[PDB]
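Quick heads-up: it's one chain on its own, the form deposited in one PDB entry, in C-alpha cells.
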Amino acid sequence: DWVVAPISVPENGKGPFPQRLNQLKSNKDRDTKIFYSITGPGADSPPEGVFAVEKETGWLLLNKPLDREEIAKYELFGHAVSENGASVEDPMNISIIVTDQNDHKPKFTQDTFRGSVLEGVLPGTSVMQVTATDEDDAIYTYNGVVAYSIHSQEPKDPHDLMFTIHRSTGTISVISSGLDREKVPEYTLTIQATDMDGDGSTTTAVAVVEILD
C-alpha cells in the first residue's frame, strides 16, 4: 500500500508556526465530505499542543519548535471519517523524525586535568588522556564529534612542541626529548575541543603535566 512517508523535521525550527508538514487525503472525498483527525503523543496526549490537523483540508501542522535531545521521534495516526462518524479508512501511521542541529557546545569532563610522566621517556610515550562530551548526534552528523588540539604550552623550555594530542582519543603524548624535572617540573597545556570534527565551536580546558624522577 502507498503510505505517508516519515516526515523529517530539523529541531529548533523558526516557523512560521503553525507549519504545514504534510497533507492527508482520502480519495473517498470526491463523493462524501471527509473529516480528518490525528491521535498520538503530541496531538491528543502529552506533550501538549505540538501537532494538529486541519479538519477539512487534512493538513498536518506543527505548532512549536522541536528539540531532538528531548524527543527524537513521534508516532501519530491519521483518521478519516464521514459526517455521521463512520470511519472510511484504516488509520494511517504517521512518523515524525526530529533531525539534529548543533545546539550543544562541547564540555570537558573536568576543568583541570592532571597527569605525569618520567623525564627519561622516548617520543611517542603516552602521558594522560582528556575528554569532552557533546550532547549532539555523532552518528549521522559531526555535530557531536569532538576534535582535540593543543592551543599552547607553558613554559616553552626547552622548546615549544614537547607534546601532541591525538585528535580523536584525547590521548596526550610526548613527541620530543629533554624533559628534566629539576629544570622544568611542570607544563601547562591549554587544550581545546572543537565539535563538527574540527569545523565547529571550541571549548577550552587546562592540562597540567608533572615531570617525575
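The first residue of the sequence shown is number 1, and the count goes up from there.
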May I ask you to compare 46-54 and 30-38 by their mean CA B factor in the entry and name the higher one?
-> 30-38
Going by the B-factors listed in the PDB entry, is the mean over the C-alpha atoms higher for 116-124 or for 71-79?
-> 116-124
Identity of residue with top Cα B-factor, from 188, 149, 169, 176 = 176
Tell me which of 94, 98, 130, 139 tops the list for C-alpha B factor in the record.
-> 139
Considering only modelled residues of the same chain, in which third does the CA B-factor of residue 212 rank: lowest, middle or highest?
-> highest
Report the third (lowest, middle or highest) to which the CA temperature factor of residue 144 belongs, ranking only the modelled residues of the same chain.
-> middle
Third of the chain's Cα B-factor distribution that residue 13 belongs to, per the entry | middle
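There is another form of the same protein, the form deposited in another entry; it is not shown, and what comes next is about it.
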Kindly check if residue 98 and residue 162 were placed in the same rigid part between this form and the one not shown?
-> no
